[PDB]
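Engineer:
Protein chains in written order, with the working numbering: chain S, 1 to 217; chain G, 1001 to 1217.
1) List the DSSP bridge partners of residue 195/S.
2) My understanding is that residue 1123/G touches residue 1173/G, with C-beta atoms under 8 Å, so please give their C-beta distance in whole angstroms.
3) Is the shortest distance between the beta-carbon of residue 1124/G and the beta-carbons of chain S less than 8 Å?
4) For residue 1160/G, which residues of its own chain have a beta-carbon under 7 Å away from its beta-carbon, when the five flanking residues on both sides are left out?
5) Identify each residue in the region 1073-1087 of chain G for which the Cβ-Cβ distance to at least one residue of chain S is less than 8 Å, and report them in chain order.
6) Residue range of the alpha helix (DSSP H) that residue 129/S falls in?
7) Report yes or no: do three or more beta-carbon pairs, one from the region 1069-1085 of chain G and one from the region 1042-1058 of chain G, lie closer than 8 Å?
8) Are the region 5-23 of chain S and the region 69-84 of chain S touching, with three or more C-beta to C-beta distances below 8 Å?
9) Would a C-beta distance cut-off of 8 Å place residue 1156/G and residue 1141/G closer than the cut-off?
10) Tell me whether residue 1127/G is buried or exposed, calling it buried when 16 or more other Cβ atoms sit within 10 Å of its Cβ.
11) Residue 1024/G: which of 1209/G, 1034/G, 1044/G sits nearest, CA to CA?
12) Are the region 187-197 of chain S and the region 100-110 of chain S touching, with three or more C-beta to C-beta distances below 8 Å?
13) Where do the ends of the alpha helix (DSSP H) carrying residue 203/S lie?
14) Taking the alpha carbon of residue 163/S as the point to measure from, which residue in 136/S, 117/S, 92/S has its own alpha carbon closest?
15) Can you tell me which residues form a DSSP beta bridge with residue 1150/G?
16) Could you say which of 1090/G, 1182/G, 1017/G, 1144/G lies nearest to residue 1211/G if we only look at CA atoms?
17) With a threshold of 8 Å between beta carbons, is residue 172/S in contact with chain G?
18) Would you decide whether residue 46/S is buried or exposed? Buried here means 16 or more other CB atoms lie within 10 Å of its CB.
19) Is there a Cβ of chain G sitting closer than 8 Å to that of residue 90/S, yes or no?
20) Return the Cβ separation of residue 182/S and residue 1182/G in integer angstroms, given the expectation that the two are a contact with Cβ distance under 8 Å.
21) Which residue from 166/S, 190/S, 27/S, 143/S puts its Cα closest to that of residue 209/S?
22) Kindly indicate the opening and closing residues of the alpha helix (DSSP H) around residue 144/S.
Structure below.
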């Protein structure tokens, strides 16, 4: 009912620097005398955690580095300095009237030194062959930034059918990303070809990291 | 110690109502408001309605009025929400929150409801040992493949939870009405295979607790 918009939608801030988050309102929530604007921190898989209520007053247990301000419709939350465990989507909510509404979302991400992924290729297990399946797994662990492309090659030729990808959220300590790719194939298709290469291009190096295995062993 | 304990995950067919419980402990149940919040996967937060455990007093969001009903039992100190005839746009994470005017102080874990009209399928656990060949050295990675299951979630554990520091758990991605999820653990070469590293996989719907030891191929 009362629209709350957050700017920007996503911000990148280096460790130890200042981050500014805005929350615009369609109606003045500060009515009657005091501001009824709350702030929340939500890490993936976890419920939102209340940081600051009424724009100014912080909740007990929350560090003083989390600071909020604003009145009427324009409200701002700042974190100074930022830490590795600040990776979360931050929300502003309003009380006042009439059905309670949350903000819009603003994802916080940390900029750090560029890291190269440690690539590890895994052949299908012996129990996969008995079931009739064949999944070749490839893990890309601890790298920055998030932008990465994985290309599967079977016997020198690229394969894009049956590729399953999943990206992790930023680490609460390392502030790094991780990705896993799997070739969902059948036993009939697996035994016909020999070489399987996992290839990944990144900003850290022009040469792609190629990890491969042969079925012949 | 104020706590809110919500129920487990839920799989429902379209056109079936469901009750979601929220157990409260550590405070006087009848003296505080309890708000309920909906979260569409990969989206923002939605306020559903509040309930006062003292007596029958509720106010709902106009978008949820004819769908959500709130009840509270004083003797068991549990807040319960019923959601009538669930659709595709109802598959979300529902939260219960303790509110002391006018901010949500304490939260539950959140119940993940999925609809979803597919059959519940058993997960298949596959151990991922390093590429064939008697070791490589330095620091080797181990993996665990969970292929073809329904529905969410799957709780992944390594050695009952002792070696849970260098673990990368990947979010599940749906393919052809089936979920797939992987986990990788990176350990030093000195502690493998001298120390036995096991993969603990648990699934609620199929009621399966498959434990698999990763042994060199």
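Each residue gets a CB set at the ideal place from its N, CA and C atoms; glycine is no exception.
Structural biologist: By the coordinates alone:
1) According to the DSSP secondary-structure assignment, residue 195/S is paired through a beta bridge with 214/S.
2) Incorrect: roughly 15 Å between the Cβ atoms, too far for contact.
3) Residue-level contact check: residue 1124/G touches chain S, since one or more beta carbons of chain S fall below 8 Å from its beta carbon.
4) Contacts found: 1200.
5) Within the region 1073-1087 of chain G, no residue has a Cβ that lies closer than 8 Å to any Cβ of chain S.
6) Per DSSP, residue 129/S belongs to the alpha helix (DSSP H) from 126-131.
7) Flag = yes, the region 1069-1085 of chain G and the region 1042-1058 of chain G touch.
8) Flag = yes, the region 5-23 of chain S and the region 69-84 of chain S touch.
9) Against a cut-off of 8 Å, the Cβ pair of residue 1141/G and residue 1156/G comes out as no contact.
10) A residue is called buried when at least 16 other Cβ atoms come within 10 angstroms of its Cβ; residue 1127/G meets this threshold and is buried.
11) Out of 1209/G, 1034/G, 1044/G, 1034/G has the C-alpha closest to the C-alpha of residue 1024/G.
12) Under the 8 Å Cβ criterion, the region 187-197 of chain S does not count as touching the region 100-110 of chain S, having fewer than three qualifying pairs.
13) For residue 203/S, there is no enclosing alpha helix (DSSP H), as DSSP marks it with neither H nor E.
14) Checked all of 136/S, 117/S, 92/S; the closest Cα to residue 163/S is 136/S.
15) According to DSSP, which records beta bridges pairwise, residue 1150/G is partnered with 1121/G.
16) Looking at the Cα atoms, 1144/G is the closest of the given residues.
17) The beta-carbon of residue 172/S is placed no less than 8 Å from the nearest beta-carbon of chain G.
18) That one is exposed.
19) Closer than 8 Å: no.
20) Contact flag correct, Cβ pair sits at about 7 Å.
21) Comparing Cα positions, the closest option is 143/S.
22) DSSP places residue 144/S in no alpha helix (DSSP H); its state is neither H nor E.
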